[PDB]
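Engineer: Structure file upload_36.cif (mmCIF, C-alpha atoms and all ligand atoms) right here:
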```
data_data
#
loop_
_atom_site.label_atom_id
_atom_site.label_comp_id
_atom_site.auth_asym_id
_atom_site.auth_seq_id
_atom_site.Cartn_x
_atom_site.Cartn_y
_atom_site.Cartn_z
CA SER A 1 125.71 195.37 159.26
CA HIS A 2 125.97 191.58 160.01
CA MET A 3 126.17 188.68 162.55
CA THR A 4 129.24 187.44 164.48
CA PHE A 5 127.85 183.86 164.73
CA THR A 6 124.96 181.73 163.58
CA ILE A 7 124.03 178.44 165.26
CA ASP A 8 125.43 176.78 162.12
CA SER A 9 128.77 178.61 162.50
CA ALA A 10 128.79 178.23 166.30
CA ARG A 11 128.70 174.43 165.80
CA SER A 12 132.37 174.48 164.57
CA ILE A 13 133.89 175.66 167.87
CA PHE A 14 136.72 173.42 169.12
CA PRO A 15 137.44 171.46 165.85
CA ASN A 16 139.90 169.02 167.49
CA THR A 17 137.01 167.22 169.27
CA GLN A 18 136.68 163.62 168.00
CA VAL A 19 133.07 162.43 168.34
CA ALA A 20 132.00 158.77 168.27
CA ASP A 21 131.27 158.89 164.53
CA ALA A 22 130.80 155.06 164.64
CA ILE A 23 127.54 155.46 166.60
CA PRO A 24 125.47 157.07 163.78
CA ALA A 25 127.49 155.22 161.15
CA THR A 26 126.32 151.93 162.70
CA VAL A 27 122.71 153.18 163.11
CA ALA A 28 122.80 154.11 159.36
CA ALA A 29 123.90 150.55 158.39
CA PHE A 30 121.28 149.16 160.83
CA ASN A 31 118.60 151.13 158.94
CA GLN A 32 119.38 149.21 155.68
CA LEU A 33 118.44 145.82 157.28
CA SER A 34 115.16 143.94 156.97
CA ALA A 35 112.66 144.36 159.81
CA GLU A 36 113.25 140.79 161.08
CA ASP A 37 117.08 141.25 161.08
CA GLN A 38 116.56 144.64 162.83
CA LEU A 39 114.44 143.22 165.69
CA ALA A 40 116.63 140.15 166.17
CA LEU A 41 119.69 142.45 166.20
CA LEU A 42 118.28 144.67 168.93
CA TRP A 43 117.33 141.45 170.80
CA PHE A 44 120.98 140.32 170.70
CA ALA A 45 122.42 143.77 171.35
CA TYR A 46 120.02 144.47 174.21
CA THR A 47 120.38 141.02 175.81
CA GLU A 48 124.23 141.16 175.63
CA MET A 49 124.31 144.18 177.95
CA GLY A 50 122.81 142.27 180.89
CA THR A 51 123.74 144.01 184.08
CA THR A 52 125.00 147.18 182.36
CA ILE A 53 121.30 148.18 181.92
CA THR A 54 119.47 149.11 185.17
CA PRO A 55 115.86 149.10 183.80
CA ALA A 56 113.80 149.06 186.99
CA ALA A 57 113.17 152.64 188.37
CA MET A 58 112.88 154.50 185.01
CA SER A 59 110.44 151.86 183.64
CA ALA A 60 108.27 152.23 186.76
CA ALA A 61 108.21 156.05 186.59
CA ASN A 62 107.36 156.01 182.89
CA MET A 63 105.05 153.01 182.53
CA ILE A 64 101.78 154.87 183.21
CA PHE A 65 102.21 156.54 179.77
CA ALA A 66 102.75 153.26 177.82
CA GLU A 67 100.41 151.00 179.83
CA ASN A 68 97.42 150.98 177.50
CA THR A 69 99.45 150.51 174.29
CA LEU A 70 101.45 147.67 175.85
CA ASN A 71 98.31 145.94 177.15
CA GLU A 72 96.67 146.32 173.75
CA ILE A 73 99.79 144.55 172.29
CA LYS A 74 99.60 141.95 175.09
CA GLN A 75 96.02 141.00 174.03
CA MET A 76 96.85 140.63 170.30
CA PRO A 77 97.77 137.16 168.97
CA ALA A 78 101.44 136.52 168.21
CA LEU A 79 101.32 137.39 164.46
CA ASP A 80 99.75 140.80 165.26
CA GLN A 81 102.35 141.38 168.03
CA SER A 82 105.19 140.69 165.52
CA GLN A 83 103.57 142.90 162.88
CA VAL A 84 103.34 145.88 165.31
CA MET A 85 107.02 145.57 166.24
CA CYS A 86 107.82 145.34 162.49
CA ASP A 87 105.79 148.53 161.98
CA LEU A 88 107.84 150.35 164.68
CA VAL A 89 111.27 149.26 163.40
CA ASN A 90 110.18 149.96 159.75
CA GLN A 91 108.92 153.44 160.78
CA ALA A 92 105.46 152.80 159.27
CA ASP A 93 102.72 155.53 159.37
CA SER A 94 100.23 153.68 161.66
CA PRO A 95 98.25 155.29 164.55
CA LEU A 96 100.23 153.10 166.96
CA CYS A 97 103.50 154.25 165.33
CA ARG A 98 102.36 157.86 165.75
CA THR A 99 101.34 157.27 169.41
CA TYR A 100 104.82 155.73 169.93
CA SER A 101 106.45 158.90 168.52
CA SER A 102 104.45 161.05 171.01
CA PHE A 103 105.94 159.13 173.94
CA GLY A 104 108.92 160.62 175.73
CA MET A 105 112.26 158.85 175.29
CA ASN A 106 112.00 157.21 178.75
CA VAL A 107 108.46 155.97 177.99
CA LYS A 108 109.69 154.58 174.64
CA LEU A 109 112.52 152.76 176.47
CA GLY A 110 110.18 151.40 179.21
CA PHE A 111 107.81 150.21 176.49
CA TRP A 112 110.54 148.18 174.77
CA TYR A 113 111.78 146.95 178.20
CA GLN A 114 108.30 145.57 178.88
CA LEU A 115 108.20 143.96 175.46
CA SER A 116 111.65 142.43 176.17
CA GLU A 117 110.35 140.80 179.39
CA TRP A 118 107.12 139.59 177.73
CA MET A 119 109.09 138.25 174.77
CA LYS A 120 111.30 136.30 177.22
CA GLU A 121 108.09 135.11 178.91
CA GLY A 122 106.41 134.36 175.54
CA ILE A 123 103.50 136.71 176.34
CA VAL A 124 104.75 138.51 173.21
CA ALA A 125 105.86 136.72 170.03
CA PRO A 126 109.65 136.28 170.69
CA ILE A 127 112.48 136.36 168.21
CA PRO A 128 112.24 132.83 166.64
CA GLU A 129 114.38 130.29 168.52
CA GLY A 130 117.81 130.03 166.81
CA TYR A 131 117.08 133.02 164.52
CA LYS A 132 120.30 133.88 162.70
CA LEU A 133 121.07 137.31 161.18
CA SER A 134 122.00 137.92 157.52
CA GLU A 135 125.74 138.52 156.84
CA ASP A 136 124.90 142.30 156.87
CA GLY A 137 122.91 142.05 160.14
CA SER A 138 125.76 140.06 161.68
CA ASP A 139 128.18 142.79 160.57
CA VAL A 140 126.12 145.62 162.15
CA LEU A 141 125.99 143.56 165.34
CA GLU A 142 129.81 143.05 165.43
CA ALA A 143 130.24 146.84 164.84
CA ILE A 144 128.00 147.50 167.87
CA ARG A 145 129.98 144.93 169.91
CA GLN A 146 133.29 146.71 169.10
CA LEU A 147 132.01 149.91 170.80
CA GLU A 148 132.52 150.82 174.42
CA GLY A 149 129.48 149.82 176.51
CA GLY A 150 128.17 153.41 176.80
CA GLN A 151 128.40 153.85 173.03
CA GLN A 152 126.44 150.66 172.41
CA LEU A 153 123.75 152.09 174.69
CA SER A 154 123.88 155.24 172.52
CA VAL A 155 123.23 153.11 169.49
CA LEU A 156 120.25 151.43 171.20
CA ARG A 157 118.89 154.78 172.45
CA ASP A 158 119.29 156.37 169.01
CA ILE A 159 117.46 153.50 167.32
CA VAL A 160 114.62 153.39 169.91
CA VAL A 161 113.72 157.07 169.79
CA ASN A 162 113.73 157.02 165.95
CA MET A 163 111.26 154.09 165.68
CA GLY A 164 107.59 154.75 164.78
CA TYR A 165 106.44 157.78 162.75
CA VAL A 166 108.95 160.53 161.77
CA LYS A 172 105.66 167.45 170.28
CA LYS A 173 106.73 164.74 172.84
CA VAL A 174 104.23 165.51 175.62
CA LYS A 175 103.33 162.09 177.11
CA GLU A 176 106.11 161.97 179.78
CA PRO A 177 106.06 162.57 183.61
CA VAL A 178 106.55 166.03 185.20
CA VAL A 179 110.06 166.46 186.62
CA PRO A 180 110.56 167.09 190.36
CA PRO A 181 113.75 169.19 190.90
CA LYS A 182 115.92 167.90 193.77
CA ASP A 183 115.46 169.32 197.27
CA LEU A 184 117.68 172.36 197.91
CA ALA A 185 119.31 170.39 200.76
CA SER A 186 120.27 167.52 198.36
CA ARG A 187 122.16 169.35 195.54
CA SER A 188 125.85 169.20 194.50
CA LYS A 189 128.24 172.01 193.46
CA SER A 190 130.34 171.18 190.38
CA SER A 191 134.11 171.74 190.39
CA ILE A 192 135.82 171.82 186.91
CA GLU A 193 139.62 172.02 186.53
CA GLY A 194 140.74 175.10 184.52
CA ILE A 195 137.27 176.74 184.44
CA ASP A 196 135.44 179.17 186.79
CA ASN A 197 132.83 180.27 184.22
CA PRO A 198 129.59 180.91 186.23
CA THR A 199 127.22 180.11 183.31
CA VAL A 200 128.96 176.74 182.75
CA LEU A 201 128.94 175.82 186.48
CA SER A 202 125.30 176.89 186.74
CA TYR A 203 124.41 174.78 183.70
CA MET A 204 126.10 171.78 185.31
CA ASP A 205 124.55 172.36 188.75
CA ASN A 206 121.01 173.03 187.51
CA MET A 207 121.12 170.01 185.21
CA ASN A 208 122.37 167.84 188.05
CA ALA A 209 119.54 169.10 190.35
CA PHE A 210 116.90 168.59 187.58
CA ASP A 211 116.06 172.29 187.70
CA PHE A 212 115.37 172.77 184.03
CA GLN A 213 113.67 176.20 184.47
CA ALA A 214 116.90 177.50 186.04
CA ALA A 215 119.01 175.80 183.26
CA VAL A 216 116.83 177.17 180.45
CA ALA A 217 117.26 180.63 182.10
CA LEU A 218 120.99 180.50 181.17
CA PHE A 219 120.28 180.51 177.39
CA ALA A 220 119.89 183.43 174.97
CA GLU A 221 116.45 183.94 173.38
CA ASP A 222 117.75 182.34 170.13
CA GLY A 223 120.12 180.00 172.03
CA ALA A 224 120.38 176.32 171.27
CA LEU A 225 121.13 172.91 172.78
CA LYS A 226 122.52 170.31 170.36
CA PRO A 227 122.32 166.70 171.62
CA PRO A 228 124.65 163.98 170.36
CA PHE A 229 123.97 163.10 166.72
CA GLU A 230 120.84 165.33 166.61
CA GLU A 231 119.99 168.79 165.35
CA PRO A 232 120.11 171.83 167.73
CA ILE A 233 116.97 172.58 169.75
CA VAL A 234 116.39 176.31 169.48
CA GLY A 235 114.72 178.58 172.05
CA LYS A 236 113.74 178.30 175.72
CA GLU A 237 110.32 176.63 175.24
CA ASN A 238 111.89 173.96 172.96
CA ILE A 239 114.93 173.44 175.20
CA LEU A 240 112.78 173.11 178.36
CA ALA A 241 110.52 170.58 176.54
CA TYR A 242 113.59 168.49 175.55
CA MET A 243 115.08 168.65 179.06
CA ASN A 244 111.71 167.50 180.52
CA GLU A 245 111.78 164.56 178.06
CA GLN A 246 115.40 163.34 178.53
CA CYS A 247 117.45 164.98 181.30
CA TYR A 248 115.75 163.58 184.42
CA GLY A 249 118.06 161.28 186.46
CA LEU A 250 121.38 162.22 184.78
CA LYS A 251 124.52 162.50 186.89
CA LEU A 252 126.87 164.91 185.04
CA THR A 253 130.48 164.73 186.14
CA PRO A 254 132.22 167.64 184.32
CA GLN A 255 135.94 167.14 185.07
CA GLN A 256 138.09 169.58 183.05
CA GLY A 257 137.92 172.31 180.47
CA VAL A 258 139.23 175.40 178.73
CA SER A 259 137.92 178.92 178.07
CA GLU A 260 139.01 181.15 175.18
CA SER A 261 137.69 184.46 173.89
CA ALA A 262 135.86 184.27 170.60
CA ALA A 263 135.00 186.83 167.97
CA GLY A 264 133.00 189.91 169.09
CA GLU A 265 133.32 189.49 172.86
CA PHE A 266 131.71 185.98 172.76
CA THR A 267 133.44 183.39 174.98
CA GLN A 268 133.96 179.75 173.91
CA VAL A 269 134.24 177.08 176.61
CA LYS A 270 135.04 173.37 176.17
CA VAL A 271 134.38 170.95 179.07
CA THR A 272 135.00 167.23 179.09
CA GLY A 273 133.64 164.66 181.50
CA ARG A 274 131.18 161.82 181.97
CA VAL A 275 127.37 161.49 182.12
CA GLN A 276 125.57 158.60 183.79
CA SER A 277 122.05 157.94 182.54
CA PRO A 278 119.57 156.56 185.14
CA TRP A 279 119.37 153.62 182.72
CA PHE A 280 123.12 152.82 183.16
CA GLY A 281 124.91 150.49 185.55
CA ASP A 282 127.70 151.06 188.03
CA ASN A 283 130.81 152.41 186.19
CA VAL A 284 129.06 152.95 182.86
CA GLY A 285 129.66 156.49 181.83
CA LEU A 286 129.83 158.05 178.43
CA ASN A 287 132.77 160.33 178.02
CA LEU A 288 131.29 163.64 176.78
CA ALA A 289 132.33 167.01 175.52
CA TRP A 290 130.26 170.11 176.28
CA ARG A 291 131.28 172.93 173.93
CA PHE A 292 129.71 176.25 174.95
CA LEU A 293 129.42 179.45 173.00
CA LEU A 294 128.44 182.25 175.40
CA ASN A 295 127.37 185.69 174.08
CA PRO A 296 128.93 188.86 175.69
CA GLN A 297 126.08 188.89 178.32
CA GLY A 298 127.21 185.35 179.48
CA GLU A 299 124.13 183.49 178.13
CA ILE A 300 124.39 180.23 176.22
CA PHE A 301 124.13 180.86 172.47
CA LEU A 302 125.02 177.19 171.90
CA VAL A 303 125.87 174.26 174.04
CA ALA A 304 126.80 171.19 172.00
CA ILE A 305 126.93 167.84 173.75
CA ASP A 306 128.89 165.05 172.03
CA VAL A 307 129.80 161.46 172.89
CA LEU A 308 133.63 161.27 172.61
CA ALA A 309 135.33 158.73 170.31
CA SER A 310 137.69 157.43 173.06
CA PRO A 311 138.82 158.43 176.62
CA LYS A 312 141.87 160.16 175.00
CA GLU A 313 139.48 162.96 173.99
CA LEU A 314 138.86 163.90 177.69
CA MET A 315 142.22 165.75 177.78
CA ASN A 316 142.03 167.19 174.22
CA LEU A 317 141.46 170.77 175.42
CA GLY A 318 144.13 173.46 174.88
CA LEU A 319 145.05 174.93 171.51
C1 LIG B 1 113.89 147.92 170.87
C2 LIG B 1 113.77 146.41 170.94
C3 LIG B 1 114.03 145.63 172.03
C4 LIG B 1 114.39 146.14 173.33
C5 LIG B 1 115.29 147.14 173.63
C6 LIG B 1 115.55 147.73 174.87
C7 LIG B 1 114.76 147.43 176.12
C8 LIG B 1 116.52 148.75 174.94
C9 LIG B 1 117.08 149.46 176.01
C10 LIG B 1 118.03 150.49 175.90
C11 LIG B 1 118.43 151.44 176.88
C12 LIG B 1 117.78 151.41 178.24
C13 LIG B 1 119.37 152.42 176.61
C14 LIG B 1 119.73 153.55 177.34
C15 LIG B 1 120.70 154.48 177.02
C16 LIG B 1 121.03 155.76 177.49
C17 LIG B 1 121.96 156.72 176.96
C18 LIG B 1 123.03 156.29 176.01
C19 LIG B 1 121.92 158.02 177.42
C20 LIG B 1 122.87 158.97 177.37
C21 LIG B 1 122.73 160.24 177.77
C22 LIG B 1 123.46 161.39 177.49
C23 LIG B 1 124.69 161.28 176.54
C24 LIG B 1 122.97 162.59 178.02
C25 LIG B 1 123.69 163.77 178.05
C26 LIG B 1 123.23 165.16 178.03
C27 LIG B 1 123.94 166.05 178.80
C28 LIG B 1 125.05 165.71 179.76
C29 LIG B 1 123.60 167.49 178.73
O1 LIG B 1 124.36 168.38 179.13
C30 LIG B 1 122.27 167.97 178.21
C31 LIG B 1 121.33 166.89 177.73
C32 LIG B 1 122.03 165.62 177.21
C33 LIG B 1 122.51 165.86 175.80
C34 LIG B 1 120.88 164.64 177.17
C35 LIG B 1 113.77 144.12 172.03
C36 LIG B 1 114.81 143.38 172.88
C37 LIG B 1 112.38 143.79 172.62
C38 LIG B 1 113.84 143.57 170.60
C39 LIG B 1 112.95 144.31 169.63
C40 LIG B 1 113.22 145.83 169.66
#
```
Would you put the structure from the file into structure tokens?
Ligand SMILES: CC1=C(/C=C/C(C)=C/C=C/C(C)=C/C=C/C=C(C)/C=C/C=C(C)/C=C/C2=C(C)C(=O)CCC2(C)C)C(C)(C)CCC1

Structural biologist:
Amino acid sequence: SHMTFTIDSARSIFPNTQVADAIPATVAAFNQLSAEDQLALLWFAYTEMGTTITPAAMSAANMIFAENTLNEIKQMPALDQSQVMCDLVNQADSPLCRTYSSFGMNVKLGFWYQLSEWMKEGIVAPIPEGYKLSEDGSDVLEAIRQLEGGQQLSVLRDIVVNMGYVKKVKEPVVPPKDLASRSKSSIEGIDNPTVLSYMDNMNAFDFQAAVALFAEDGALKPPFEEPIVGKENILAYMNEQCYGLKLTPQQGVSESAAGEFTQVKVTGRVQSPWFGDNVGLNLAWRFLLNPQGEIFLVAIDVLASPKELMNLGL
């Protein structure tokens, strides 16, 4: 009397999948730096991207939620403005740091975008002119710079959402696309209707229909994060982060797994609404589907290199 799979065990499907281990490795080294090296580093890392980041639409959609905090920061004198940003990057326990944690990912990113423009403008205390990183800061920055552009964005995203204090409810409601404006996924080697439905629903921003594909104890595991377990939790996450994505699943493989479960690996690209033209992250989706065809786990990973797109069969 036992269990074929746990979420823990499920997470080992498809072991020859190389993830971009350098992303969290670099975030971990970033976390050892001083607050002033940290903010300067993000300044340099952010600013480097230039055109790669398309900040305009997402900022606009999300700014209602950050407006009051931002304007409160706007009215502070420079030394208070610096101190608040130091509090966020240090993960201090302040009411502002807690309000920051309650913001949705896209609100957090629009917040920092606004601070980036005001810093440029000198409405917010900028990074001191000619500020120069420590040897350790400099090294984290070169590590970032060695990554593919999408992976650098992953670093930035990871750092941003983990600032402030450690239920994300302050985000906009998601409009699903019109029924007349949706796209049907085609994946080479794969006809699995759960997988195609996951792709199509996610692409249409129909997160009720995507959550409906999961088991009651099913789980969605983002890149470098713990699994999110159960429909209410998965829907909440999808509302926070999955608006505006263009998923391009390209290939995959299906195999039977123990106890009439089915294991499905897909590789492809995502484009975030924050990304430019031709920026995509290469992803794996690794599904474990129970015998009833429902998602017990889907695990999304950023791939180490484009070589991993065709790492499929066994
Ligand atoms: C901080 C800071 C500053 C400003 C920083 C700014 C302004 C940063 C902007 C960064 C941005 C805009 C990054 C955006 C990145 C987006 C990424 C990398 C998203 C990837 C998405 C993926 C991989 C999604 C895939 C998924 C799929 C396909 C699924 O099947 C299910 C869900 C999910 C897993 C989500 C300044 C300069 C002031 C200095 C002081 C501190």

Engineer: With 3 Å on each side, where is the centre of the axis-aligned box around all listed atoms of ligand LIG 1 (chain B), and how long are its edges in Å to one decimal, as lines of an AutoDock Vina configuration file?

Structural biologist:
```
center_x = 118.7
center_y = 155.9
center_z = 174.7
size_x = 18.7
size_y = 31.0
size_z = 16.1
```

Engineer: I'd like the neighbourhood of residue 72 of chain A as a list in words, where a residue qualifies if any of its atoms comes within 12 Å (using only C-alpha atoms), though same-chain residues fewer than 6 positions away should be ignored.

Structural biologist: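 Everything that qualifies: residues 66, 80, 81, 84, 96, 115 and 124 of chain A.
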
Engineer: Could you report the residues within 6 Å of ligand LIG 1 (chain B), using all atoms listed in the file, as a PyMOL selection string?

Structural biologist: chain A and resi 39+42-43+46+109+112-113+115-116+150+153-154+156-157+160+227+246-247+252+275+277+279+305

Engineer: Using atom CA of residue 197 of chain A and atom CA of residue 258 of chain A as the two end points, give the distance in Å to one decimal.

Structural biologist: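 Separation between atom CA of residue 197 of chain A and atom CA of residue 258 of chain A: 9.7 Å.
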
Engineer: Just to confirm, what's the straight-line distance from atom CA of residue 189 of chain A to atom CA of residue 210 of chain A in Å (one decimal)?

Structural biologist: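 Computing the Euclidean distance for atom CA of residue 189 of chain A and atom CA of residue 210 of chain A yields 13.2 Å.
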
Engineer: I'd like the interatomic distance between atom CA of residue 166 of chain A and atom CA of residue 91 of chain A, to a tenth of an Å.

Structural biologist: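 One can read the atom CA of residue 166 of chain A to atom CA of residue 91 of chain A distance as 7.2 Å.
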
Engineer: Per residue of segment 150-209 of chain A within 8 Å of segment 13-25 of chain A, which atom pair is closest and at what distance in Å (one decimal), using all atoms listed in the file, listed by chain and increasing number, as CSV?

Structural biologist:
```
residue,atom,partner,partner_atom,distance
A:151,CA,A:23,CA,6.7
A:152,CA,A:23,CA,7.6
A:154,CA,A:23,CA,7.0
A:155,CA,A:23,CA,5.7
```

Engineer: What's around residue 271 of chain A at 6 Å? Count only C-alpha atoms, leave out sequence neighbours fewer than 5 positions away in its own chain, and write the answer as a VMD selection string.

Structural biologist: chain A and resid 256 to 257 289 to 290

Engineer: Select all residues near (120.8, 171.9, 182.8) (cut-off 10 Å, inclusive, file coordinates), counting only C-alpha atoms, and output them as a list in words.

Structural biologist: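 Taken together, the residues in range are residues 200, 201, 202, 203, 204, 205, 206, 207, 208, 209, 210, 211, 212, 213, 214, 215, 216, 217, 218, 239, 240, 243, 247, 248, 250 and 252 of chain A.
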
Engineer: For each of A:195, A:141, A:294, A:163, take the minimum atom-to-atom distance to residue 317 of chain A, counting all atoms listed in the file, then give the residue where this is smallest.

Structural biologist: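 Of the candidates, the smallest distance to residue 317 of chain A is held by A:195.
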
Engineer: Just want the 8 Å neighbourhood of residue 314 of chain A, counted on only C-alpha atoms, with same-chain residues fewer than 4 positions away dropped. Output as a VMD selection string.

Structural biologist: chain A and resid 256 272 to 273 287 to 289 308

Engineer: Which of these residues is nearest to residue 253 of chain A, using only C-alpha atoms: A:12, A:238, A:188, A:316?

Structural biologist: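 Looking at the shortest contact to residue 253 of chain A, the residue is A:188.
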
Engineer: Which is closer to residue 254 of chain A than all the others in A:285, A:278, A:110, A:318, using all atoms listed in the file?

Structural biologist: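 Using all atoms listed in the file, the shortest distance to residue 254 of chain A belongs to A:285.
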
Engineer: (126.0, 141.9, 166.2) in this file's frame - what residues fall within 10 Å of it? Use all atoms listed in the file and give the answer as a list in words.

Structural biologist: residues 40, 41, 42, 43, 44, 45, 48, 133, 135, 136, 137, 138, 139, 140, 141, 142, 143, 144, 145 and 146 of chain A

Engineer: Choose the residue, out of A:281, A:223, A:95, A:128, that has the smallest atom-to-atom separation from residue 36 of chain A; count all atoms listed in the file.

Structural biologist: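 Closest candidate: A:128.
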
Engineer: Which residue gives the smallest distance to residue 241 of chain A among A:274, A:183, A:225, A:119, with only C-alpha atoms counted?

Structural biologist: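 Ranking A:274, A:183, A:225, A:119 by distance to residue 241 of chain A, first place goes to A:225.
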